[PDB]
Amino acid sequence: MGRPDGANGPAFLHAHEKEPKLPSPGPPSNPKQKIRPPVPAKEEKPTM
Amino acid sequence: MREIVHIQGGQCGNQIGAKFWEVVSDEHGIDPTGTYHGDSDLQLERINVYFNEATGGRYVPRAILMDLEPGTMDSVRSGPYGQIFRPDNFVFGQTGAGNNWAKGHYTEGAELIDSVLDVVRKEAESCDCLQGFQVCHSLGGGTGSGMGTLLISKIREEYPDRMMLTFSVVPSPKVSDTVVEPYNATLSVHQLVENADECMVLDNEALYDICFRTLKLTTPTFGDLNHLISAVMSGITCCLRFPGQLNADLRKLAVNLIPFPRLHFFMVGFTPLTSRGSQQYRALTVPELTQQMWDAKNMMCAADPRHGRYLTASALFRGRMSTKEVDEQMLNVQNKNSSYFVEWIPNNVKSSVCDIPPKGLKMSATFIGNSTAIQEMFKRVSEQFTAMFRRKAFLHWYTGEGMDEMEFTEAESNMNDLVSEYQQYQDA
Ligand SMILES: Nc1nc2c(ncn2[C@@H]2O[C@H](COP(=O)(O)OP(=O)(O)O)[C@@H](O)[C@H]2O)c(=O)[nH]1
């Protein structure tokens, strides 16, 4: 259902009424928790 | 009497076990139907070393086929001599082994073991006087190396008196079927040292040369190499199955061979081997055999005995022949080439003979020799292991199965003390 009559009247349009705003560069909520372990550091030398 | 029981662990073990039973079944003249259709009474005399009577005079093998990936146990069931096995003696697993020694020895092994030991005892009691077990491994994969040695480390505590062989196929230095191959080797060697009385080492490389140089074969298929392995496995028990003017049971062949309980890595060679061209130029005499077997080419393992020093040796001849000629020949070898033999062993050969040759021949022979050049093998695998193990390459696969890192060092050092026993005993 529409709007009642006489209420679709034109309104004033300011400058930059519809302009997106970058929130900020910020650390996200969840890093998603990598499951795979890192590569060893090429100096473990377990062999004896 | 002197009953054996035969294991076949892994794809290789289940593929060369096909050929082994296609050789014996022909030797005792039993059709693929199983029924016996031979000629003499010499077949039925000592058939009970390998078979069991069944109704209507049919003999089934006392073999045990264990392998993951049932995709092989349809092949043996469809091969020509496949309808002879018992359907019970087929222990498979719908899961694969992944060429991983861990899961073959830790997870997927551990549930199949008892399901195999339930089988082995069902035919460890069928024997009158059990002689001992024998296995056909392949030290590359996971079924033959994981479930293989794990089965051994169980057989050893329930039958320590008896005698178990090992026809282990080892990895190759130049040919590399897989990448992880060094790991599956060392961790398996560390099992053979303590739970194996004898262990012949075979490599596909010497199997490829003998197939190209002597046999001059154009296309060596895998079904052709196993005609060599199955030729020597049948060549051991000729004394068990047939009369002979100097018979030698399997036990007396081990004591005369391994001086100390660890140096049980042998080296084999079959004779005679000849193309279909040189069957025109060759003479069937004993000096032909003993010349070809002592050669450094019949050594089915790719180690050169001219780098080491024979501790002991052997020879199992077949065919009505002179028992002096076979003694003076082996006597000459130790005297001419007297450097490749140790000093603290005065007479380091043993010589047997059987009156019954193979089915299609008239004279044959077979060689076993416990050299010290065998340490060249264990050096090669111990360079590639310590190469990629140093950086933990491909290690997360092994440790995911509950394994740890000490399980590697132990298995590595246990190869180092072993590679020096063969060295200190080799005083040039
Ligand atoms: N003489 C011979 N060697 C084989 C044969 N098939 C595989 N091998 C070797 O077996 C090695 C791997 O072991 P395999 O039995 O194939 O897999 P597994 O069941 O996990 O042990 C490879 O190096 C193959 O070359 C065969 O039919 N005859």
# chains A, B, ... in the order shown; residues from 1 in each chain; ligands from 1

$ interface_residues --of "chain A" --to "chain B" --cutoff "9 Å" --atoms "only C-alpha atoms" --output "list in words"
residues 40, 41, 42, 43, 44, 45, 46, 47 and 48 of chain A

$ select_by_dssp --residues "stretch 166-408 of chain B" --states "helix (DSSP H, G or I)" --output "JSON, numbers by chain"
{"B": [181, 182, 183, 184, 185, 186, 187, 188, 189, 190, 191, 192, 193, 194, 195, 204, 205, 206, 207, 208, 209, 210, 211, 212, 222, 223, 224, 225, 226, 227, 228, 229, 230, 231, 232, 233, 234, 235, 236, 238, 239, 240, 241, 250, 251, 252, 253, 254, 255, 278, 279, 280, 286, 287, 288, 289, 290, 291, 292, 293, 305, 306, 307, 325, 326, 327, 328, 329, 330, 331, 332, 333, 334, 335, 336, 375, 376, 377, 378, 379, 380, 381, 382, 383, 384, 385, 386, 387, 388, 389, 390, 391, 396, 397, 398, 399, 406, 407, 408]}

$ closest_residue --among "B:205, B:123, B:108, B:22" --to "residue B:401" --atoms "only C-alpha atoms"
B:108

$ residues_near_ligand --ligand "ligand 1" --cutoff "6 Å" --atoms "only C-alpha atoms and all ligand atoms" --output "PyMOL selection string"
chain B and resi 10-12+15-16+97+99+138+140-144+177+222+225-226

$ write_last_selection --atoms "N, CA, C and O atoms" --output "PDB file, in the first residue's frame"
ATOM      1  N   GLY B  10      51.199 -56.546   1.392  1.00  0.00           N
ATOM      2  CA  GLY B  10      51.277 -55.365   0.556  1.00  0.00           C
ATOM      3  C   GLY B  10      51.042 -55.687  -0.908  1.00  0.00           C
ATOM      4  O   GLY B  10      50.940 -56.840  -1.320  1.00  0.00           O
ATOM      5  N   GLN B  11      50.961 -54.616  -1.701  1.00  0.00           N
ATOM      6  CA  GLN B  11      50.738 -54.773  -3.135  1.00  0.00           C
ATOM      7  C   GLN B  11      51.818 -55.638  -3.765  1.00  0.00           C
ATOM      8  O   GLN B  11      51.520 -56.618  -4.457  1.00  0.00           O
ATOM      9  N   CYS B  12      53.083 -55.280  -3.547  1.00  0.00           N
ATOM     10  CA  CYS B  12      54.182 -56.118  -4.008  1.00  0.00           C
ATOM     11  C   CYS B  12      54.047 -57.527  -3.454  1.00  0.00           C
ATOM     12  O   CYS B  12      54.007 -58.508  -4.203  1.00  0.00           O
ATOM     13  N   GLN B  15      51.521 -59.225  -5.172  1.00  0.00           N
ATOM     14  CA  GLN B  15      51.784 -59.403  -6.592  1.00  0.00           C
ATOM     15  C   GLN B  15      52.926 -60.369  -6.879  1.00  0.00           C
ATOM     16  O   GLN B  15      52.857 -61.098  -7.870  1.00  0.00           O
ATOM     17  N   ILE B  16      53.970 -60.420  -6.049  1.00  0.00           N
ATOM     18  CA  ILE B  16      54.976 -61.458  -6.243  1.00  0.00           C
ATOM     19  C   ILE B  16      54.559 -62.765  -5.599  1.00  0.00           C
ATOM     20  O   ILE B  16      55.114 -63.818  -5.934  1.00  0.00           O
ATOM     21  N   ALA B  97      46.526 -46.900   2.174  1.00  0.00           N
ATOM     22  CA  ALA B  97      47.640 -46.704   3.089  1.00  0.00           C
ATOM     23  C   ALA B  97      48.405 -45.413   2.846  1.00  0.00           C
ATOM     24  O   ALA B  97      49.144 -44.974   3.733  1.00  0.00           O
ATOM     25  N   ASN B  99      51.035 -44.509   1.233  1.00  0.00           N
ATOM     26  CA  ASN B  99      52.499 -44.529   1.259  1.00  0.00           C
ATOM     27  C   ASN B  99      53.029 -43.822   2.501  1.00  0.00           C
ATOM     28  O   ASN B  99      53.902 -42.958   2.433  1.00  0.00           O
ATOM     29  N   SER B 138      57.882 -55.044   0.898  1.00  0.00           N
ATOM     30  CA  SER B 138      58.375 -54.046  -0.044  1.00  0.00           C
ATOM     31  C   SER B 138      58.585 -52.784   0.786  1.00  0.00           C
ATOM     32  O   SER B 138      57.615 -52.120   1.156  1.00  0.00           O
ATOM     33  N   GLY B 140      59.178 -49.843   0.515  1.00  0.00           N
ATOM     34  CA  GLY B 140      58.794 -48.509   0.102  1.00  0.00           C
ATOM     35  C   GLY B 140      57.430 -48.069   0.595  1.00  0.00           C
ATOM     36  O   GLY B 140      57.296 -47.004   1.203  1.00  0.00           O
ATOM     37  N   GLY B 141      56.408 -48.877   0.334  1.00  0.00           N
ATOM     38  CA  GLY B 141      55.043 -48.503   0.636  1.00  0.00           C
ATOM     39  C   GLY B 141      54.727 -48.542   2.121  1.00  0.00           C
ATOM     40  O   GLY B 141      55.592 -48.694   2.983  1.00  0.00           O
ATOM     41  N   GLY B 142      53.437 -48.404   2.412  1.00  0.00           N
ATOM     42  CA  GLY B 142      52.966 -48.372   3.782  1.00  0.00           C
ATOM     43  C   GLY B 142      52.342 -49.670   4.248  1.00  0.00           C
ATOM     44  O   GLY B 142      52.431 -50.011   5.430  1.00  0.00           O
ATOM     45  N   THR B 143      51.701 -50.403   3.339  1.00  0.00           N
ATOM     46  CA  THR B 143      51.138 -51.699   3.704  1.00  0.00           C
ATOM     47  C   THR B 143      52.238 -52.701   4.025  1.00  0.00           C
ATOM     48  O   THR B 143      52.196 -53.376   5.059  1.00  0.00           O
ATOM     49  N   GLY B 144      53.231 -52.814   3.142  1.00  0.00           N
ATOM     50  CA  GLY B 144      54.283 -53.795   3.346  1.00  0.00           C
ATOM     51  C   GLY B 144      55.235 -53.416   4.463  1.00  0.00           C
ATOM     52  O   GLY B 144      55.804 -54.285   5.127  1.00  0.00           O
ATOM     53  N   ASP B 177      60.451 -44.630  -6.911  1.00  0.00           N
ATOM     54  CA  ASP B 177      59.030 -44.714  -7.222  1.00  0.00           C
ATOM     55  C   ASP B 177      58.254 -43.616  -6.504  1.00  0.00           C
ATOM     56  O   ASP B 177      57.386 -42.970  -7.100  1.00  0.00           O
ATOM     57  N   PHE B 222      56.878 -56.092 -14.752  1.00  0.00           N
ATOM     58  CA  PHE B 222      56.925 -56.484 -13.348  1.00  0.00           C
ATOM     59  C   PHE B 222      56.618 -57.965 -13.183  1.00  0.00           C
ATOM     60  O   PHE B 222      57.194 -58.633 -12.318  1.00  0.00           O
ATOM     61  N   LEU B 225      60.164 -59.699 -13.491  1.00  0.00           N
ATOM     62  CA  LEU B 225      61.058 -59.653 -12.339  1.00  0.00           C
ATOM     63  C   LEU B 225      60.641 -60.673 -11.296  1.00  0.00           C
ATOM     64  O   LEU B 225      61.462 -61.440 -10.784  1.00  0.00           O
ATOM     65  N   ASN B 226      59.360 -60.685 -10.958  1.00  0.00           N
ATOM     66  CA  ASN B 226      58.891 -61.607  -9.946  1.00  0.00           C
ATOM     67  C   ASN B 226      59.088 -63.061 -10.351  1.00  0.00           C
ATOM     68  O   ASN B 226      59.009 -63.935  -9.486  1.00  0.00           O
TER      69      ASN B 226
END

$ residues_around --residues "stretch 328-337 of chain B" --least-positions-apart "3" --cutoff "8 Å" --atoms "only C-alpha atoms" --output "list in words"
residues 287, 290, 324, 325, 340, 341 and 349 of chain B

$ closest_residue --among "B:315, B:5, B:60, B:248" --to "residue B:32" --atoms "only C-alpha atoms"
B:60

$ residues_around --residues "residue B:235" --least-positions-apart "4" --cutoff "12 Å" --atoms "only C-alpha atoms" --output "PDB file with N, CA and C atoms, in the first residue's frame"
ATOM      1  N   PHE B  20      55.073 -66.610  -7.011  1.00  0.00           N
ATOM      2  CA  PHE B  20      55.641 -67.686  -6.207  1.00  0.00           C
ATOM      3  C   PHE B  20      54.747 -68.913  -6.223  1.00  0.00           C
ATOM      4  N   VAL B  23      54.788 -70.834  -9.416  1.00  0.00           N
ATOM      5  CA  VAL B  23      55.987 -71.636  -9.623  1.00  0.00           C
ATOM      6  C   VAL B  23      55.902 -72.952  -8.871  1.00  0.00           C
ATOM      7  N   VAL B  24      55.516 -72.895  -7.597  1.00  0.00           N
ATOM      8  CA  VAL B  24      55.415 -74.108  -6.794  1.00  0.00           C
ATOM      9  C   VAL B  24      54.303 -75.006  -7.320  1.00  0.00           C
ATOM     10  N   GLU B  27      55.564 -76.818  -9.947  1.00  0.00           N
ATOM     11  CA  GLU B  27      56.600 -77.754  -9.528  1.00  0.00           C
ATOM     12  C   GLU B  27      55.997 -79.025  -8.947  1.00  0.00           C
ATOM     13  N   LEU B 228      61.931 -63.929 -11.243  1.00  0.00           N
ATOM     14  CA  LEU B 228      63.250 -64.125 -10.657  1.00  0.00           C
ATOM     15  C   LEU B 228      63.154 -64.323  -9.154  1.00  0.00           C
ATOM     16  N   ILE B 229      62.412 -63.447  -8.476  1.00  0.00           N
ATOM     17  CA  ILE B 229      62.255 -63.563  -7.030  1.00  0.00           C
ATOM     18  C   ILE B 229      61.595 -64.885  -6.678  1.00  0.00           C
ATOM     19  N   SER B 230      60.527 -65.230  -7.390  1.00  0.00           N
ATOM     20  CA  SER B 230      59.852 -66.491  -7.146  1.00  0.00           C
ATOM     21  C   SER B 230      60.724 -67.680  -7.514  1.00  0.00           C
ATOM     22  N   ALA B 231      61.785 -67.455  -8.286  1.00  0.00           N
ATOM     23  CA  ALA B 231      62.705 -68.531  -8.623  1.00  0.00           C
ATOM     24  C   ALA B 231      63.649 -68.854  -7.477  1.00  0.00           C
ATOM     25  N   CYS B 239      65.566 -78.607  -0.372  1.00  0.00           N
ATOM     26  CA  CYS B 239      65.944 -79.665   0.554  1.00  0.00           C
ATOM     27  C   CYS B 239      64.768 -80.085   1.419  1.00  0.00           C
ATOM     28  N   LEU B 240      63.881 -79.146   1.741  1.00  0.00           N
ATOM     29  CA  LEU B 240      62.715 -79.476   2.550  1.00  0.00           C
ATOM     30  C   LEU B 240      61.755 -80.376   1.791  1.00  0.00           C
ATOM     31  N   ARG B 241      61.665 -80.202   0.477  1.00  0.00           N
ATOM     32  CA  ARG B 241      60.630 -80.857  -0.307  1.00  0.00           C
ATOM     33  C   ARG B 241      61.115 -82.077  -1.072  1.00  0.00           C
ATOM     34  N   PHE B 242      62.409 -82.186  -1.339  1.00  0.00           N
ATOM     35  CA  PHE B 242      62.899 -83.275  -2.165  1.00  0.00           C
ATOM     36  C   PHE B 242      64.107 -83.935  -1.524  1.00  0.00           C
ATOM     37  N   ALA B 248      69.745 -79.986   3.353  1.00  0.00           N
ATOM     38  CA  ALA B 248      69.974 -78.903   4.304  1.00  0.00           C
ATOM     39  C   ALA B 248      68.646 -78.245   4.636  1.00  0.00           C
ATOM     40  N   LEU B 250      66.152 -75.551   6.586  1.00  0.00           N
ATOM     41  CA  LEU B 250      66.260 -74.097   6.582  1.00  0.00           C
ATOM     42  C   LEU B 250      66.983 -73.580   7.817  1.00  0.00           C
ATOM     43  N   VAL B 268      71.517 -62.513  -2.853  1.00  0.00           N
ATOM     44  CA  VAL B 268      71.114 -63.719  -3.557  1.00  0.00           C
ATOM     45  C   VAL B 268      71.507 -63.606  -5.022  1.00  0.00           C
ATOM     46  N   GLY B 269      71.428 -64.741  -5.711  1.00  0.00           N
ATOM     47  CA  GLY B 269      71.702 -64.816  -7.128  1.00  0.00           C
ATOM     48  C   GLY B 269      71.352 -66.180  -7.681  1.00  0.00           C
ATOM     49  N   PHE B 270      70.635 -66.211  -8.796  1.00  0.00           N
ATOM     50  CA  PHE B 270      70.155 -67.451  -9.382  1.00  0.00           C
ATOM     51  C   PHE B 270      70.942 -67.760 -10.645  1.00  0.00           C
ATOM     52  N   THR B 271      71.089 -69.049 -10.933  1.00  0.00           N
ATOM     53  CA  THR B 271      71.790 -69.533 -12.110  1.00  0.00           C
ATOM     54  C   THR B 271      71.101 -70.801 -12.577  1.00  0.00           C
ATOM     55  N   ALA B 315      75.332 -72.188  -1.186  1.00  0.00           N
ATOM     56  CA  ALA B 315      75.024 -72.659  -2.527  1.00  0.00           C
ATOM     57  C   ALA B 315      74.036 -73.810  -2.437  1.00  0.00           C
ATOM     58  N   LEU B 316      72.910 -73.712  -3.131  1.00  0.00           N
ATOM     59  CA  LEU B 316      71.895 -74.760  -3.109  1.00  0.00           C
ATOM     60  C   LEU B 316      71.699 -75.265  -4.533  1.00  0.00           C
ATOM     61  N   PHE B 317      72.322 -76.391  -4.845  1.00  0.00           N
ATOM     62  CA  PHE B 317      72.319 -76.935  -6.191  1.00  0.00           C
ATOM     63  C   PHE B 317      71.175 -77.923  -6.362  1.00  0.00           C
ATOM     64  N   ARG B 318      70.739 -78.085  -7.607  1.00  0.00           N
ATOM     65  CA  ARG B 318      69.672 -79.023  -7.923  1.00  0.00           C
ATOM     66  C   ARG B 318      69.981 -79.707  -9.241  1.00  0.00           C
ATOM     67  N   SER B 352      74.951 -77.372  -0.500  1.00  0.00           N
ATOM     68  CA  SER B 352      73.940 -78.413  -0.508  1.00  0.00           C
ATOM     69  C   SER B 352      73.660 -78.847  -1.940  1.00  0.00           C
ATOM     70  N   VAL B 353      72.799 -79.854  -2.081  1.00  0.00           N
ATOM     71  CA  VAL B 353      72.463 -80.388  -3.393  1.00  0.00           C
ATOM     72  C   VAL B 353      71.201 -81.224  -3.263  1.00  0.00           C
ATOM     73  N   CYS B 354      70.358 -81.173  -4.290  1.00  0.00           N
ATOM     74  CA  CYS B 354      69.130 -81.948  -4.340  1.00  0.00           C
ATOM     75  C   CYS B 354      69.056 -82.705  -5.657  1.00  0.00           C
ATOM     76  N   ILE B 356      66.504 -83.351  -7.401  1.00  0.00           N
ATOM     77  CA  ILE B 356      65.364 -82.977  -8.227  1.00  0.00           C
ATOM     78  C   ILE B 356      65.583 -81.550  -8.722  1.00  0.00           C
ATOM     79  N   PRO B 357      65.799 -81.342 -10.016  1.00  0.00           N
ATOM     80  CA  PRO B 357      65.964 -79.992 -10.539  1.00  0.00           C
ATOM     81  C   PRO B 357      64.617 -79.309 -10.679  1.00  0.00           C
ATOM     82  N   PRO B 358      64.581 -78.071 -11.174  1.00  0.00           N
ATOM     83  CA  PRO B 358      63.298 -77.476 -11.560  1.00  0.00           C
ATOM     84  C   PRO B 358      62.625 -78.285 -12.659  1.00  0.00           C
ATOM     85  N   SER B 364      70.505 -76.721 -12.111  1.00  0.00           N
ATOM     86  CA  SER B 364      70.354 -75.335 -11.695  1.00  0.00           C
ATOM     87  C   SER B 364      71.220 -75.119 -10.465  1.00  0.00           C
ATOM     88  N   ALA B 365      71.181 -73.902  -9.941  1.00  0.00           N
ATOM     89  CA  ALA B 365      71.889 -73.573  -8.714  1.00  0.00           C
ATOM     90  C   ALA B 365      71.238 -72.340  -8.111  1.00  0.00           C
ATOM     91  N   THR B 366      71.731 -71.941  -6.945  1.00  0.00           N
ATOM     92  CA  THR B 366      71.175 -70.819  -6.202  1.00  0.00           C
ATOM     93  C   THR B 366      72.220 -70.373  -5.194  1.00  0.00           C
ATOM     94  N   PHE B 367      72.290 -69.067  -4.965  1.00  0.00           N
ATOM     95  CA  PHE B 367      73.364 -68.483  -4.179  1.00  0.00           C
ATOM     96  C   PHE B 367      72.807 -67.615  -3.065  1.00  0.00           C
ATOM     97  N   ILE B 368      73.441 -67.698  -1.899  1.00  0.00           N
ATOM     98  CA  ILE B 368      73.209 -66.775  -0.795  1.00  0.00           C
ATOM     99  C   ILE B 368      74.557 -66.434  -0.186  1.00  0.00           C
TER     100      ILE B 368
END

$ closest_residue --among "B:293, B:175, B:66, B:236" --to "residue B:114" --atoms "only C-alpha atoms"
B:66

$ select_by_dssp --residues "stretch 103-279 of chain B" --states "strand (DSSP E)" --output "list in words"
residues 130, 131, 132, 133, 134, 167, 168, 169, 199, 200, 201, 202, 265, 266, 268, 269, 270 and 271 of chain B

$ atom_distance --atom1 "atom CA of residue B:155" --atom2 "atom CA of residue B:64"
13.4 Å

$ atom_distance --atom1 "atom CA of residue A:1" --atom2 "atom CA of residue A:14"
28.6 Å

$ closest_residue --among "B:424, B:418, B:323, B:36" --to "residue B:261" --atoms "only C-alpha atoms"
B:418

$ residues_around --residues "residue B:58" --least-positions-apart "5" --cutoff "6 Å" --atoms "only C-alpha atoms" --output "PyMOL selection string"
chain B and resi 34-35+53

$ write_last_selection --atoms "N, CA, C and O atoms" --output "PDB file, in the first residue's frame"
ATOM      1  N   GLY B  34      43.306 -76.613  -8.640  1.00  0.00           N
ATOM      2  CA  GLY B  34      43.741 -77.039  -7.327  1.00  0.00           C
ATOM      3  C   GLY B  34      44.045 -78.520  -7.275  1.00  0.00           C
ATOM      4  O   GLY B  34      44.970 -78.943  -6.579  1.00  0.00           O
ATOM      5  N   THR B  35      43.266 -79.314  -8.003  1.00  0.00           N
ATOM      6  CA  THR B  35      43.481 -80.752  -8.047  1.00  0.00           C
ATOM      7  C   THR B  35      44.896 -81.067  -8.510  1.00  0.00           C
ATOM      8  O   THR B  35      45.492 -80.334  -9.298  1.00  0.00           O
ATOM      9  N   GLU B  53      45.481 -80.772   2.524  1.00  0.00           N
ATOM     10  CA  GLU B  53      44.541 -81.636   1.830  1.00  0.00           C
ATOM     11  C   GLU B  53      43.133 -81.055   1.906  1.00  0.00           C
ATOM     12  O   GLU B  53      42.784 -80.349   2.853  1.00  0.00           O
TER      13      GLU B  53
END
